[PDB]
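Remarks on the overall topology
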Amino acid sequence: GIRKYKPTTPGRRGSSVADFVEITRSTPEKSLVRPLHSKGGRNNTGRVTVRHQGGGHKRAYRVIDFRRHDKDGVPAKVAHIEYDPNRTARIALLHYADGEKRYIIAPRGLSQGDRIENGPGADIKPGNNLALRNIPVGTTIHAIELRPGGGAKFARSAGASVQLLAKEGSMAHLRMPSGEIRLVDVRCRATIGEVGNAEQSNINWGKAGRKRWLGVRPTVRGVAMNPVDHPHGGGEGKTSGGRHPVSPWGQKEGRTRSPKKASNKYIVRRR
Amino acid sequence: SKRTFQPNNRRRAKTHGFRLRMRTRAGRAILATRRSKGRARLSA
RNA sequence: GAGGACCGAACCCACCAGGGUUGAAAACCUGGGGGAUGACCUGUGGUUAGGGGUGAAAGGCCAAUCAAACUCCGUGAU
RNA sequence: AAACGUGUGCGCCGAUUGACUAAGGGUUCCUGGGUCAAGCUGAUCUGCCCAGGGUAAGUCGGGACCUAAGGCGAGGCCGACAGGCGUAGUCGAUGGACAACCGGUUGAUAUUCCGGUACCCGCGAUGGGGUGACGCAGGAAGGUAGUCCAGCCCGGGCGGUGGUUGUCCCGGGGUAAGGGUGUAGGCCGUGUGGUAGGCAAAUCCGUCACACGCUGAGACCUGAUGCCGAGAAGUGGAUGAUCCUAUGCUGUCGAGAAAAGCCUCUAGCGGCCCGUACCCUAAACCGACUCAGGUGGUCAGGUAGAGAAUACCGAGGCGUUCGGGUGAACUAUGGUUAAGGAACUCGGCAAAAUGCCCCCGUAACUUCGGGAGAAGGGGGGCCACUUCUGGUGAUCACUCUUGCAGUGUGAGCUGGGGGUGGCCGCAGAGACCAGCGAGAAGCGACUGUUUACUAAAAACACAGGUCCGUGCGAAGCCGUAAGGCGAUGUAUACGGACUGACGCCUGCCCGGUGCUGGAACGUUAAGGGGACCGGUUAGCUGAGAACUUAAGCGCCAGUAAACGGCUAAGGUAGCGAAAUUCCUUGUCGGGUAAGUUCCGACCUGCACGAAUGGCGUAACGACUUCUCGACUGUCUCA
RNA sequence: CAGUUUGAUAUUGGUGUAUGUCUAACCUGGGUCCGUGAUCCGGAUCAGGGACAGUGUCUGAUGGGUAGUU
């Protein structure tokens, strides 16, 4: 859920924070953690290519199994629900009956102790993973593969949900979270249920520092800059830019999807 | 206040050192054009 | 017993006044002054290079130099 | 011989003018000699000149051990050349692992030499598993270092002047690493069987069913018949850490390195190199200087005090680096001023005043947190008596589980609180230190950042809002490309644009420009085509029309929290002489003896207006403006 | 002028009625295996896409993003 902070300092007033009632352990599984250092928005040449990033709290990366293809017929129990700094949705630790441990995104309604199984024989319950050919039409799914064995790509953030609309031959119709309707091969795997932690989007950070912890640096408006820096800059007093709005590099507002891009033939209806 | 030269031998051998001059061909010309001019200390 | 919480030394800073102004100092001194558990200060090691970097944005900073650094060359420019 | 040495005295620093270390410097360190060059004077002296000498490591820091950010990079990819990126690997501490302490000595070195006592190095993987392995904040408890006191212990003294054989005065009352022990505290289920997983295996790890000790501050002994000590004593009590137990415990969201090493599982007599002098809040480093500046880290005593503030002192150091006089004007840093109290001035600029602990009391307004330390008022010294109350813990007994226990008992020591009376002064927070307060308006919600070196702000940022783009080899961005960031992310995510907490709201216009979508039809390049007309004497060859075609444009719809305006539509809500109003010192009311400023209204809005947001808003502000109280040399007027 | 973008043409093939289909050029930042201790690279092999896309030459449009100057 969400906990609203008592207004007791100018900064804290009007803010809120996740209540963390879901998590059962506060420490990660040692074998499944990997090092992770912030990049700061700079590529291999050292130049900033993505603006407004860097300075966040130190993090460690949890190895998540977005494929879930090699445990067909092996049951598992949800040992814990844990916090993940790398993504909005929580992560659930699975103890497979064969002795191996893995993480998955936390679907809504998955609770500690629940049994979940993969493979074509798994029941249609939150957490189970199946090939799209085995999921009934009209089911809500998440963490959908793009190519057979390519790993989950779609519907991975908090509260994301995909509705399976139809199955036609070797292709399946999916209503993406953005509302786009897209064709996907019927051999791709997907997980039943929608991703949990749906209240995440209601969090009010409250103060500038709380974003800085997340690594979001200040964003400077163009109309405050000088003409050398940004097209909108300049002018005496406040101006709206004096020209049709553009990105700092002069590109106008407009659709930027490549019109010749191959994937077009998989797109039934755009958002 | 704080002036613009805080000496550090380590950081002055990793920036102007002879090993660094021999790494970029543009830097080996600097070394050669100092040998021809006759300087004593050939690289920092 | 939380807090970009309060008062206040170290530390960081530079709002006011006087002095200094061929100065003790190519930016400081004296008395007040702001922050002082955080978007904080700092050491060491890395890294971004010139129509380029970086910039909580002043055309600011990039070796006392920046509306385009410095050095050599065209060059005894015009 | 003012400055060099010795002695005496006086003053200064003492969270440092003391003692160390890294960086940096590179012989400035010690001895002897010198006073030509240098020293802002002087010199017999020197961080100067000359000669000679001085730095001792199996255990300290680093290498021969590990790796992070990052660098280089065999093959390799990409790139006209130059060259860019990068795999295996290999480097890279500011981190991890790893064995010594005390005392003495020289002119110059000491955890390095010397003395004593210590410690470490000389079946099983490189593959699997465990561990290593980790944030921030907070309190309490137990200890120690240190410090203080003593009527006690040891050594001295009987006071140049009234008195000092006495609970009188002065000085000292220590001892490390290692070993033995295993306390306070903290942590932890054991075993049998099966076992899809851990690249092969595994008796190890993980998972399932079943049945049911480890670490650890400190105290004590040893180290110590030694060393140290004013060659004696070398005890007891109180106080007490920012240090240890503690990588502990509790809370919490922003969710907090890797590898080596160690353990485990299977597969199968020697101890090397560099540093070791000296300076290091500075006269040896960075500032051209023996420069009022800057320079990371460690040590951190007494009294008063909450304190590392502040005053005087300790350990220890400094008084050398131009002096001696002299009541001129004047300048600067301090000090005090009668009566008045902002009359000064652009402006209360500066100064003055308040300032501490305890107790009483505290408004409008409000987002219910706040405003608030609002405002305002009271007590404060010393002596005696009296009263209550923590901590510690010998002795006295009792108990056990018989100990480094326990439970009663309370000596001595030492905090803290409350009454009654008395005494002194002008003054009891007596020195140093140590908030001025109130009312109103403007802008910005707030804390923050900014023009290094004239602007700290109403500017930027911000949390919140909307719109636009992006279906993942995403969009966007660096690059010619590869390759990267975005992201080890996936529409509740990422990027771009404007507005800027919160509250009530955000009106009309799609004619222009831009953006989104549709393209019947018109126009249109290359390319295809080669009509027909020429040159030459069918062939070669020159120019070459009709026709064929895409985007784009003309065209049709939508779009304004798109750029924009208020015939396309003509400014709604709200506000209004305003950060906007020229005329203007608009008019009226309030404030003053007097108000071009200010506050509340009017509306003739030169030239307000709804996300280049409109109107308000509690709190906040080294921001701007006006007013009042306290206070003062700002002023009469010096 | 860079950039974005349109068409022709080469890489570029079979077959059917401007538009289908096929696989063999070509593309996979899809899976698995080897060089091999290896997220680069290459070679296999399955899984797809597919004569499209990418790239070379020619060509129309847009082009203050940049550059030279009046």
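Criteria and thresholds
- Residues numbered from 1 in each chain as written, not as in the entry; some residues may be left out.
- Chains lettered and ligands numbered in written order.
- Part of a larger assembly, values for the part shown.
- Heavy atoms only, no water.
- UniProt positions renumbered as here; feature names shortened; annotations may be inferred.
- Salt bridge = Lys/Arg side-chain N within 4 Å of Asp/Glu carboxyl O.
- Helix = DSSP H or I, 4+ residues; strand = E, 2+ residues; numbered from the N terminus.
- Buried < 20%, exposed > 50% of the residue type's maximum accessible area, 1.4 Å probe, protein only.
- Near = heavy atom within 4 Å.
- Polar contact = N/O pair within 3.5 Å; in protein donor to acceptor, adjacent residues only side chain to side chain.
- Nonpolar A, V, L, I, M, F, W, Y, C, P; charged D, E, K, R; others polar.

The PDB entry annotates chain B as Large ribosomal subunit protein bL34 originating from Streptomyces fradiae ATCC 10745 = DSM 40063. This deposition appears in the PDB under the title "Structure of the 50S ribosomal subunit from the antibiotic-producing bacterium Streptomyces fradiae". Within the UniProt record for chain B, the comment given under Sequence similarities (unreviewed entry) is "Belongs to the bacterial ribosomal protein bL34 family."

As recorded in the PDB entry, chain A goes by the name Large ribosomal subunit protein uL2, listed as coming from Streptomyces fradiae ATCC 10745 = DSM 40063. Entered under Sequence similarities (unreviewed entry) in the UniProt record, the comment concerning chain A runs "Belongs to the universal ribosomal protein uL2 family." Comment text from UniProt for chain A, heading Subunit (unreviewed entry), reads "Part of the 50S ribosomal subunit. Forms a bridge to the 30S subunit in the 70S ribosome."

1. A look at the pattern of salt bridges
Working definition: two side chains of opposite charge can pair if their charged atoms are close together. Residue and element names in this part refer to chain A. Going through the model one piece at a time under the given rule, you end up with 14 salt bridges over all chains. Measuring nitrogen to oxygen at the nearest pair gives 2.3 Å for the salt bridge that ties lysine 71 to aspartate 98. Of this pair, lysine 71 sits in the loop between β4 (61–62) and β5 (75–82) while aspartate 98 sits in the loop between β6 (91–96) and β7 (101–105), and the two are 27 residues apart along the sequence. Taking the relative accessible area as the measure of exposure, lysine 71 reaches 7% and is therefore buried. Taken together, the salt bridges that share partners define one network made up of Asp65, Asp70, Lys71, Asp98, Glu100 and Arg102.

2. Some details on the protein's contact with RNA strand E
Residue and element names in this part refer to chain A. Neighbouring RNA strand E are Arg67, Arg147, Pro148, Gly149, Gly150, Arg187, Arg243, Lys260 and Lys265. In RNA strand E, the atoms that sit within 4 Å of the protein are 91% sugar and phosphate, with bases accounting for the remainder. Within the side chain of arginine 147, an N or O atom sits 2.7 Å from a sugar or linking oxygen of RNA strand E. In terms of residue class, the surface near RNA strand E is made up of 1 nonpolar, 2 polar and 6 charged.

3. Section: the protein's contact with RNA strand D
In the vicinity of RNA strand D lie 109 residues, with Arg87(A), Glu180(A), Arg182(A), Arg210(A) and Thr256(A) positioned nearest. Of what RNA strand D places within 4 Å of the protein, 70% of the atoms are sugar or phosphate. Here a sugar or linking oxygen of RNA strand D sits 2.8 Å away from a polar atom, N or O, in the main chain of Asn44(A). Interatomic distance of 3.0 Å between a side-chain N/O atom of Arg51(A) and a phosphate oxygen of RNA strand D. Those elements giving two or more residues to the surface near RNA strand D turn out to be β4, β6, β12 (152–154) and α1 (208–214) of chain A together with α1 (9–13) of chain B. Per element, the largest residue contribution to the surface near RNA strand D is 4 residues, and it comes from α1(A). Taken together, the residues of the surface near RNA strand D sort by class into 38 nonpolar, 37 polar and 34 charged.

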